[PDB]
Amino acid sequence: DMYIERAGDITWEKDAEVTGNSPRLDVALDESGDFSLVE
Amino acid sequence: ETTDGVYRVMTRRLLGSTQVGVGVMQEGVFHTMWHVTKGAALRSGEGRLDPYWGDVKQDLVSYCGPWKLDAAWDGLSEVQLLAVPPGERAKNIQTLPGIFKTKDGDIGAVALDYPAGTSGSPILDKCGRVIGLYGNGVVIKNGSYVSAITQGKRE
Ligand SMILES: N=C(N)N[C@H](CCCCNC(=O)[C@H](CCCCN)NC(=O)[C@H](CCCCN)NC(=O)Cc1cccc(CN)c1)C(N)=O
């Protein structure tokens with residue numbers, strides 16, 4: 001049995017850490033909601 | 001009513017108290033990913049939130065009303081993942097999305113790796129609008145994780 005708990009406001013943070021790449025990937029989405037890579 | 005904001009989704013059916021995901025309360029509707037709740041009802045204090053809409057293929061579900069989140073990545077600007085990891089304080093991470101290219105169009109994707117229980121954390125634009133939810137993704141050639149920016153449709 002699941003319950004929810006507030007964790008914060010939804011707000012842009014001005015001096016947030018910046019990280020992560022920006023890959024462009026060919027993918028397929030199946031009927032079960034799973035993404036898979038195309039190659 | 002229950003305050004707007006980002007929420008942990010918890011269960012006590014497993015060992016101790018376990019965070020299975022995250023979601024967004026906006027305009028009286030709770031938004032999370034289908035694989036977090038499987039469509040089950042949720043408790044909010046002494047109140048009950050009943051599922052209203054969901055779709056396994058989109059991996060989304062809304063409670064108490066229809067999906068409300070309609071902002072979209074602009075395809076150019078950096079975004080922020082408001083990550084809410086299990087047992088850890090909510091934290092904003094800024095990133096330039098990549099792209100999932102599919103036969104039915106392109107969507108943004110964020111190459112950030114967090115525990116499974118972070119599923120449903122919101123991704124925001126520079127105006128603070130939720131442009132989608134984190135946690136439905138792929139593992140790429142080098143083993144790293146990339147999540148779609150998964151957004152619903154507002155009726
Ligand atoms: N593998 C990683 N380095 N990171 C992921 C980050 C998970 C963030 C939240 N999202 C999830 O837990 C969804 C649930 C299922 C949603 C399905 N609609 N998960 C995923 O999207 C992917 C889907 C892959 C589809 C491929 N067709 N699943 C995983 O990754 C599991 C995984 C895969 C490889 C290795 C590990 C190592 N424990 C873990 C992890 N499992 O820790």
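By convention in this text, residue numbers begin from 1 on each chain and track the written sequence, not necessarily the entry numbering, and residues missing coordinates are not displayed. As a convention, the first chain written is A and the first ligand written is 1, with the rest following in written order. For side-chain calculations, the full set of non-hydrogen atoms in the structure is used, while hydrogens and water are omitted. Residues with missing side-chain atoms are left out of burial classes, side-chain pairs and their counts.

Method of structure determination, per the deposited record: X-ray crystallography was used for this entry, reaching 1.61 Å resolution.

### A word on the interface of chain B and chain A
Counting residues at the interface gives 57 residues for chain B, matched by 33 residues for chain A. The biggest single contributor to the side of chain B that touches chain A is strand β1 (residues 5-11) of chain B, with seven residues. Only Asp, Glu, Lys and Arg are considered charged in this grouping, and only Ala, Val, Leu, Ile, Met, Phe, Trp, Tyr, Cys and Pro are considered nonpolar; every other residue, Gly among them, is considered polar. Residues that form the side of chain B that touches chain A fall into these classes: 32 nonpolar, 15 polar and ten charged. Looking at chain direction, strand β1 (residues 2-8) of chain A and β1(B) are connected through six bridges and run antiparallel. Of the residues in β1(B), the one forming a bridge with A:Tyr3 is B:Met10. It only takes one pair of heavy atoms within 4.5 Å for two residues to be counted as in contact. Numbering goes from the N terminus for both helices and strands, where a helix is a DSSP run of H or I of at least four residues and a strand is a run of E of at least two. Following DSSP output, two strands are said to pair if at least two bridges run between them.

### Concerning the domain arrangement of chain B
Residues and elements named next belong to chain B. The start and end points of each domain follow an automatic or database-based domain assignment. Partitioning chain B into structural domains gives domain 1 (1-69) and domain 2 (70-155). Summarising the inter-unit geometry, the C-alpha centres of domain 1 and domain 2 are found 18 Å apart. Taken together, the 20 residues of domain 1 in the interface contact 28 residues of domain 2. When contributions to the side of domain 1 that touches domain 2 are tallied by element, the ones reaching two or more residues are β1, β2 (18-26), β3 (29-32) and α1 (34-37). Examining the composition of the side of domain 1 that touches domain 2, we find that six residues originate from one element, β2, more than from any other. Looking at the side of domain 1 that touches domain 2, its residues break down into nine nonpolar, seven polar and four charged.

### A closer look at the sheet that holds strand β13 (residues 130-133) of chain B
Taken in spatial order, the five strands make up an open sheet running β2(A)-β9(B)-β8(B)-β12(B)-β13(B), and their pairing is mixed. Each of the sheet's edge strands pairs with one partner strand only, and the pair in question is β2 (17-18) of chain A together with β13 of chain B. When β2(A) meets strand β9 (residues 91-95) of chain B, the two strands line up parallel, connected through two bridges. If you follow A:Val18 over to β9(B), its bridge partner there is B:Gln94.

### Focus on the site of the ligand
Around the ligand sit 15 residues in total, of which A:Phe35, B:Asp113, B:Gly135, B:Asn136 and B:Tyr145 are the nearest. Nearness is judged by heavy atoms alone; a residue qualifies as near a molecule or strand once a single heavy atom is within 4 Å of it. At the site occupied by the ligand, nearby residues are drawn from chains A and B. Counted as a polar contact is a pair of N or O atoms within 3.5 Å, where, for protein atoms, one must be capable of donating a hydrogen and the other of accepting one, and residues adjacent in sequence contribute only when both atoms are in side chains. In this structure, A:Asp34 approaches the ligand through a side-chain N or O atom, which is 2.9 Å from a nitrogen atom. Surface exposure here means Shrake-Rupley accessible area, sampled with a 1.4 Å probe, where a residue is shielded only by the protein chains that are shown. When the free accessible area of the ligand is taken as 820 Å², the share hidden by the protein chains comes to 58%. Residue assignment for the shell around the ligand shows that the elements contributing at least two residues are β4 (35-37) of chain A together with β14 (137-139) of chain B. Residues that form the shell around the ligand fall into these classes: five nonpolar, eight polar and two charged.

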